[PDB]
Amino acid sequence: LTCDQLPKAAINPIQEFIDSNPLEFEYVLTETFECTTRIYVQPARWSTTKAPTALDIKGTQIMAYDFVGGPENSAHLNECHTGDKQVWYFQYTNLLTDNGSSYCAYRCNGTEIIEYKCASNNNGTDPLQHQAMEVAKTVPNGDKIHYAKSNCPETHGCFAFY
């Protein structure tokens, strides 16, 4: 199996993601998105693209990306500080269940995987999530995929921020 052959799952309407806030990552590829919270935001009233935004928040640092739909269930992200483009797909989503929400998303470079983000608001207890992670690790460079919360900083009274 190669990264281009992974499933490209249907994307839930944006409000379903917003209603899942806040999420934390359970499995990631590089160190970048360890100990990170995901927040979805609807488009600004003054946005001329009317693209929603994904926020990746790691302590007191934040990466924001406006995103729009592309072909074959892709998300086309524009990183808001640089204007750099990223193309993402979902292996699966399972939002707004009786046990909360999860999904696994990935970014390829051709046949290899270069980033991975499995998110949930149920502490990774959706059996689909572990299952998806085990499939993603089988594509080239998927050996890097690892648990995202092994050594996160101590909290100071909040639950999704530190």
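Just count from 1 along the sequence shown to find any residue number.
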Next item on the list: Taking the mean of the C-alpha B-factors per stretch from the entry, tell me the winner out of 21 to 29 and 150 to 158.
Entry: 150 to 158
Next item on the list: Taking the mean of the C-alpha B-factors per stretch from the entry, tell me the winner out of 49 to 57 and 126 to 134.
Entry: 126 to 134
Notebook entry, point to check: Lowest, middle or highest third: where is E34 by C-alpha B factor in its chain?
Noted result: lowest
Item checked: Modelled-residue ranking by C-alpha temperature factor, third containing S120 -> lowest
Margin query: Test of reading the entry: by CA B factor among the chain's modelled residues, which third contains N94?
Written below: middle
Item checked: Where the record places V139 (Cα B-factor, split into thirds across the chain) -> middle
Item checked: Third of the chain's Cα B-factor distribution that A10 belongs to, per the entry -> highest
